[PDB]
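Per-entry structural report
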Amino acid sequence: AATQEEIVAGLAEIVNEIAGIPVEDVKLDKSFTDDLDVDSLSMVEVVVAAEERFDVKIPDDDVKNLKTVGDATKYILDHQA
C-alpha cells in the first residue's frame with residue numbers, strides 16, 4: 001500500500017499545477033472539481049497524470065466516481081500496484 005497522505009499529496013502536486021489550487025488545500029474532504037474547484041477539462045489532466053504519479057492506472061471513465069481527494073485516495077490506496 002502507500003501512505004494515504006502521500007497519495008493525497010500526489011493528487012495535490014498535480015492539482016496545484018493543472019487546477020491551480022494549493023497543494024496544501026488538497027485536504028481529504030475536498031472534492032476536486034467542487035470544493036477546490038478545478039475545471040472540467042483540467043480534471044482529466046490530473047487523472048492522466050495521476051496514472052504515472054501514483055504508478056497505477058486510473059481511467060477517466062471510472063475516475064468520475066472518485067469526486068474527492070479522499071475517495072480518489074480510496075481507489076489508489078486499494079488499487080496500488
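Scope of this entry: the structure provided in the associated data block. Here, residue numbers run from 1 along each chain following its sequence as written; these need not agree with the numbering used in the entry, and residues that have no coordinates do not appear. Side-chain numbers here rest on the full set of heavy atoms in the structure, without hydrogens or water.

As for the packing of helix α1 (residues 4-18) against helix α5 (residues 69-79)
The axes used here are C-alpha line fits, helices contributing only the stretch in contact, and every angle between their N-to-C directions lies in the interval 0 to 180 degrees. Strands here mean DSSP runs of E at least two residues long; helices mean DSSP runs of H or I at least four residues long; both are numbered from the N terminus. Remark: α1 packs on α5, axes separated minimally by 9 Å, with the N-to-C direction vectors making an angle of 115°. Here the hand of the crossing between α1 and α5 comes out right-handed. Counting all contacts with α1, which are made through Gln 4, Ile 7, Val 8 and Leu 11, the residues of α5 involved are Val 69, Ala 72, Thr 73, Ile 76 and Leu 77. Each residue gets one of three labels, nonpolar for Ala, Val, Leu, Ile, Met, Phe, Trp, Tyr, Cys and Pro, charged for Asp, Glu, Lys and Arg, and polar for the others, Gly among them. Residue classes in the contact of α1 with α5 are distributed as seven nonpolar, two polar and no charged. Put simply, a crossing is left-handed when the front helix is turned counterclockwise from the back one by less than a right angle, and right-handed when it is turned clockwise. Contact definition: two residues touch when any of their heavy atoms are within 4.5 Å.

Examining the packing of α1 against helix α3 (residues 43-53)
The angle between the axes and the distance between the axes are what describe a pair of packed helices. Interaxial distance between α1 and α3 falls to 10 Å at its minimum, and their mutual angle equals 140°. Taken as axis vectors, α1 and α3 run oblique relative to one another. Handedness of the α1/α3 crossing: right-handed. Within the contact between the two elements, α1 uses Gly 10, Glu 13, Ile 14, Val 15 and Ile 18 and α3 uses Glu 45, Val 46, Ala 49, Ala 50 and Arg 53. Each residue belonging to the contact of α1 with α3 can be placed in one class, and the counts come to six nonpolar, one polar and three charged. Throughout, the term roughly parallel applies to angles under 35 degrees, roughly antiparallel to angles over 145, roughly perpendicular to angles from 65 to 115, and oblique to all others.

Description of the pattern of salt bridges
A pair is scored as a salt bridge if a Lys or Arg side-chain nitrogen falls within 4 Å of a carboxyl oxygen belonging to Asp or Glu. A full pass over the atoms with the stated rule returns seven salt bridges. Note that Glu 13 is salt-bridged to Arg 53, the shortest N-O span being 2.8 Å. Placement of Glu 13 in helix α1 and of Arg 53 in helix α3 is noted, with a sequence separation of 40 residues between them. With a 1.4 Å probe rolled over the protein chains alone, any residue whose accessible area is under 20% of its type maximum counts as buried; one over 50% counts as exposed, and the rest are partly exposed. According to the relative accessible area criterion, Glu 13 is partly exposed, its value standing at 37%.

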